[PDB]
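Undergrad: Contents of upload_33.pdb (PDB, N, CA and C atoms) are given next:
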```pdb
ATOM      1  N   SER G   1     -39.262  18.737 -15.078
ATOM      2  CA  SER G   1     -37.852  18.977 -14.654
ATOM      3  C   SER G   1     -36.913  18.874 -15.858
ATOM      4  N   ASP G   2     -35.645  18.681 -15.618
ATOM      5  CA  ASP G   2     -34.679  18.572 -16.750
ATOM      6  C   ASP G   2     -33.244  18.541 -16.219
ATOM      7  N   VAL G   3     -32.384  17.789 -16.851
ATOM      8  CA  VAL G   3     -30.970  17.717 -16.382
ATOM      9  C   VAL G   3     -30.135  18.812 -17.049
ATOM     10  N   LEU G   4     -30.733  19.583 -17.915
ATOM     11  CA  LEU G   4     -29.972  20.668 -18.598
ATOM     12  C   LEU G   4     -30.275  22.020 -17.945
ATOM     13  N   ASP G   5     -30.003  22.149 -16.675
ATOM     14  CA  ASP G   5     -30.276  23.442 -15.982
ATOM     15  C   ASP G   5     -30.038  23.299 -14.475
ATOM     16  N   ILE G   6     -30.737  22.402 -13.834
ATOM     17  CA  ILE G   6     -30.547  22.220 -12.366
ATOM     18  C   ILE G   6     -29.054  22.129 -12.034
ATOM     19  N   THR G   7     -28.440  23.235 -11.712
ATOM     20  CA  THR G   7     -26.987  23.211 -11.379
ATOM     21  C   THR G   7     -26.187  22.619 -12.541
ATOM     22  N   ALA G   8     -26.234  23.245 -13.686
ATOM     23  CA  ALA G   8     -25.476  22.716 -14.856
ATOM     24  C   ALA G   8     -23.979  22.672 -14.539
ATOM     25  N   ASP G   9     -23.149  22.990 -15.497
ATOM     26  CA  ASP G   9     -21.680  22.962 -15.250
ATOM     27  C   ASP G   9     -21.074  24.354 -15.459
ATOM     28  N   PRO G  10     -21.717  25.338 -14.891
ATOM     29  CA  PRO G  10     -21.233  26.736 -15.013
ATOM     30  C   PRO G  10     -19.959  26.935 -14.186
ATOM     31  N   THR G  11     -20.005  26.610 -12.923
ATOM     32  CA  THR G  11     -18.798  26.780 -12.065
ATOM     33  C   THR G  11     -18.818  25.766 -10.918
ATOM     34  N   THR G  12     -19.620  24.743 -11.032
ATOM     35  CA  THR G  12     -19.685  23.722  -9.948
ATOM     36  C   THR G  12     -18.503  22.754 -10.061
ATOM     37  N   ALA G  13     -17.644  22.961 -11.022
ATOM     38  CA  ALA G  13     -16.472  22.053 -11.183
ATOM     39  C   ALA G  13     -16.904  20.594 -11.015
ATOM     40  N   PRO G  14     -17.789  20.171 -11.876
ATOM     41  CA  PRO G  14     -18.295  18.776 -11.831
ATOM     42  C   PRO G  14     -17.202  17.803 -12.284
ATOM     43  N   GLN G  15     -16.639  18.023 -13.440
ATOM     44  CA  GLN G  15     -15.569  17.111 -13.934
ATOM     45  C   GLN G  15     -14.524  16.882 -12.838
ATOM     46  N   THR G  16     -14.064  17.933 -12.216
ATOM     47  CA  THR G  16     -13.048  17.773 -11.138
ATOM     48  C   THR G  16     -13.648  16.997  -9.963
ATOM     49  N   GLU G  17     -14.936  17.089  -9.771
ATOM     50  CA  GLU G  17     -15.575  16.356  -8.650
ATOM     51  C   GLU G  17     -15.357  14.850  -8.817
ATOM     52  N   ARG G  18     -15.589  14.339  -9.995
ATOM     53  CA  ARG G  18     -15.391  12.880 -10.226
ATOM     54  C   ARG G  18     -13.900  12.538 -10.167
ATOM     55  N   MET G  19     -13.071  13.346 -10.770
ATOM     56  CA  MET G  19     -11.608  13.065 -10.740
ATOM     57  C   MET G  19     -11.109  13.050  -9.295
ATOM     58  N   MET G  20     -11.542  13.988  -8.498
ATOM     59  CA  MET G  20     -11.097  14.013  -7.077
ATOM     60  C   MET G  20     -11.545  12.727  -6.385
ATOM     61  N   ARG G  21     -12.765  12.322  -6.612
ATOM     62  CA  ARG G  21     -13.266  11.076  -5.979
ATOM     63  C   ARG G  21     -12.322   9.913  -6.294
ATOM     64  N   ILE G  22     -11.884   9.807  -7.520
ATOM     65  CA  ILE G  22     -10.959   8.697  -7.887
ATOM     66  C   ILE G  22      -9.626   8.858  -7.152
ATOM     67  N   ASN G  23      -9.186  10.072  -6.964
ATOM     68  CA  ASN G  23      -7.895  10.295  -6.251
ATOM     69  C   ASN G  23      -7.991   9.780  -4.814
ATOM     70  N   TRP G  24      -9.086  10.039  -4.152
ATOM     71  CA  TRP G  24      -9.239   9.558  -2.750
ATOM     72  C   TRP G  24      -9.345   8.032  -2.735
ATOM     73  N   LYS G  25      -9.977   7.468  -3.727
ATOM     74  CA  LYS G  25     -10.114   5.984  -3.779
ATOM     75  C   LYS G  25      -8.731   5.328  -3.801
ATOM     76  N   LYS G  26      -7.892   5.722  -4.720
ATOM     77  CA  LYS G  26      -6.529   5.123  -4.791
ATOM     78  C   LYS G  26      -5.730   5.488  -3.537
ATOM     79  N   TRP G  27      -5.560   6.756  -3.279
ATOM     80  CA  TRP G  27      -4.792   7.177  -2.075
ATOM     81  C   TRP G  27      -5.177   6.313  -0.872
ATOM     82  N   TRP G  28      -6.436   5.992  -0.739
ATOM     83  CA  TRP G  28      -6.871   5.149   0.413
ATOM     84  C   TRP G  28      -6.347   3.720   0.246
ATOM     85  N   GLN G  29      -6.440   3.177  -0.938
ATOM     86  CA  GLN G  29      -5.942   1.790  -1.158
ATOM     87  C   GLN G  29      -4.473   1.694  -0.741
ATOM     88  N   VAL G  30      -3.616   2.441  -1.382
ATOM     89  CA  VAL G  30      -2.173   2.399  -1.014
ATOM     90  C   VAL G  30      -2.003   2.792   0.455
ATOM     91  N   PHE G  31      -2.900   3.589   0.968
ATOM     92  CA  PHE G  31      -2.801   4.008   2.395
ATOM     93  C   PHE G  31      -3.038   2.802   3.308
ATOM     94  N   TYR G  32      -4.117   2.096   3.109
ATOM     95  CA  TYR G  32      -4.398   0.909   3.966
ATOM     96  C   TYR G  32      -3.225  -0.071   3.903
ATOM     97  N   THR G  33      -2.698  -0.306   2.732
ATOM     98  CA  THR G  33      -1.551  -1.249   2.608
ATOM     99  C   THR G  33      -0.303  -0.651   3.259
ATOM    100  N   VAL G  34      -0.051   0.610   3.034
ATOM    101  CA  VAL G  34       1.149   1.251   3.642
ATOM    102  C   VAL G  34       1.044   1.223   5.170
ATOM    103  N   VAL G  35      -0.090   1.585   5.704
ATOM    104  CA  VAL G  35      -0.250   1.576   7.185
ATOM    105  C   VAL G  35      -0.001   0.167   7.727
ATOM    106  N   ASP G  36      -0.535  -0.832   7.079
ATOM    107  CA  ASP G  36      -0.319  -2.227   7.557
ATOM    108  C   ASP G  36       1.180  -2.519   7.643
ATOM    109  N   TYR G  37       1.916  -2.191   6.616
ATOM    110  CA  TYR G  37       3.383  -2.443   6.645
ATOM    111  C   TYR G  37       3.998  -1.784   7.881
ATOM    112  N   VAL G  38       3.650  -0.552   8.141
ATOM    113  CA  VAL G  38       4.209   0.142   9.334
ATOM    114  C   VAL G  38       3.920  -0.676  10.596
ATOM    115  N   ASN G  39       2.708  -1.136  10.753
ATOM    116  CA  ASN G  39       2.372  -1.944  11.958
ATOM    117  C   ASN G  39       3.347  -3.116  12.079
ATOM    118  N   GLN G  40       3.621  -3.773  10.989
ATOM    119  CA  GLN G  40       4.569  -4.922  11.028
ATOM    120  C   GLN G  40       5.932  -4.452  11.540
ATOM    121  N   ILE G  41       6.360  -3.289  11.131
ATOM    122  CA  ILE G  41       7.676  -2.773  11.603
ATOM    123  C   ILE G  41       7.633  -2.561  13.116
ATOM    124  N   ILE G  42       6.703  -1.776  13.586
ATOM    125  CA  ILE G  42       6.604  -1.540  15.054
ATOM    126  C   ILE G  42       6.710  -2.873  15.792
ATOM    127  N   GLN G  43       5.731  -3.718  15.636
ATOM    128  CA  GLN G  43       5.773  -5.040  16.320
ATOM    129  C   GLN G  43       7.170  -5.652  16.181
ATOM    130  N   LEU G  44       7.793  -5.474  15.048
ATOM    131  CA  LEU G  44       9.158  -6.041  14.849
ATOM    132  C   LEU G  44      10.164  -5.310  15.741
ATOM    133  N   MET G  45       9.916  -4.061  16.023
ATOM    134  CA  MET G  45      10.855  -3.288  16.884
ATOM    135  C   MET G  45      10.549  -3.543  18.362
ATOM    136  N   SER G  46       9.303  -3.742  18.691
ATOM    137  CA  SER G  46       8.938  -3.992  20.116
ATOM    138  C   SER G  46       9.028  -5.488  20.438
ATOM    139  N   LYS G  47       9.193  -6.314  19.441
ATOM    140  CA  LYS G  47       9.284  -7.780  19.700
ATOM    141  C   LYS G  47      10.467  -8.084  20.627
ATOM    142  N   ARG G  48      11.345  -7.137  20.812
ATOM    143  CA  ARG G  48      12.519  -7.372  21.702
ATOM    144  C   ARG G  48      12.156  -7.046  23.154
ATOM    145  N   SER G  49      10.958  -7.362  23.561
ATOM    146  CA  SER G  49      10.546  -7.070  24.965
ATOM    147  C   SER G  49      10.971  -8.214  25.890
ATOM    148  N   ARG G  50      10.680  -9.431  25.517
ATOM    149  CA  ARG G  50      11.066 -10.587  26.376
ATOM    150  C   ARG G  50      11.564 -11.747  25.509
ATOM    151  N   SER G  51      12.322 -11.454  24.489
ATOM    152  CA  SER G  51      12.837 -12.541  23.606
ATOM    153  C   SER G  51      13.714 -13.504  24.411
ATOM    154  N   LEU G  52      14.733 -13.000  25.051
ATOM    155  CA  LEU G  52      15.623 -13.889  25.852
ATOM    156  C   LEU G  52      14.800 -14.678  26.874
ATOM    157  N   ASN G  53      13.703 -14.130  27.317
ATOM    158  CA  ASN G  53      12.859 -14.860  28.309
ATOM    159  C   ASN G  53      12.037 -15.932  27.592
ATOM    160  N   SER G  54      11.770 -15.739  26.328
ATOM    161  CA  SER G  54      10.982 -16.750  25.571
ATOM    162  C   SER G  54      11.861 -17.963  25.261
ATOM    163  N   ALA G  55      13.122 -17.741  25.006
ATOM    164  CA  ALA G  55      14.033 -18.881  24.703
ATOM    165  C   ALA G  55      14.410 -19.607  25.996
ATOM    166  N   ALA G  56      14.667 -18.873  27.045
ATOM    167  CA  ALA G  56      15.037 -19.521  28.335
ATOM    168  C   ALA G  56      13.852 -20.322  28.881
ATOM    169  N   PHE G  57      12.661 -19.809  28.736
ATOM    170  CA  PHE G  57      11.466 -20.543  29.246
ATOM    171  C   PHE G  57      11.000 -21.575  28.216
ATOM    172  N   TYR G  58      11.375 -21.405  26.978
ATOM    173  CA  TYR G  58      10.951 -22.377  25.930
ATOM    174  C   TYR G  58      12.030 -23.446  25.728
ATOM    175  N   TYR G  59      13.168 -23.278  26.343
ATOM    176  CA  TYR G  59      14.257 -24.288  26.184
ATOM    177  C   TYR G  59      14.519 -24.998  27.517
ATOM    178  N   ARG G  60      13.666 -24.801  28.485
ATOM    179  CA  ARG G  60      13.869 -25.467  29.803
ATOM    180  C   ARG G  60      13.633 -26.974  29.676
ATOM    181  N   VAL G  61      13.200 -27.422  28.529
ATOM    182  CA  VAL G  61      12.951 -28.883  28.346
ATOM    183  C   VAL G  61      12.030 -29.398  29.458
TER     184      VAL G  61
END
```
Here is the file; what I need is its structure written in the form of structure tokens.

TA:
Amino acid sequence: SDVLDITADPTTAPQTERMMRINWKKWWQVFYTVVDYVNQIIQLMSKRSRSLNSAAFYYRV
């Protein structure tokens, strides 16, 4: 066999293959962190479901 022939680098865009892989790696990292932040916002917006009921029932002493 040999590594100088089996699908060499004629038009398989190998260099771009590795560069693209790195792009998805980072995009995913910032993506997981960005998505988490959004979840915190939602819960923060829906947290107003029974707030007044939490203080009235939590302050009944």

Undergrad: By how many Å are atom CA of residue 27 of chain G and atom CA of residue 14 of chain G apart?

TA: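 Those two atoms sit 20.3 Å apart.
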
Undergrad: How many Å separate atom CA of residue 28 of chain G from atom CA of residue 13 of chain G?

TA: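 Here the two named atoms are 22.6 Å from each other.
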
Undergrad: Identify all residues of chain G in helix (DSSP H, G or I) (DSSP on the backbone) and supply them as a count of residues only.

TA: 44

Undergrad: Would you mind reading off the distance between atom N of residue 57 of chain G and atom C of residue 38 of chain G, one decimal, in Å?

TA: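 About the pair atom N of residue 57 of chain G and atom C of residue 38 of chain G: they are 27.8 Å apart.
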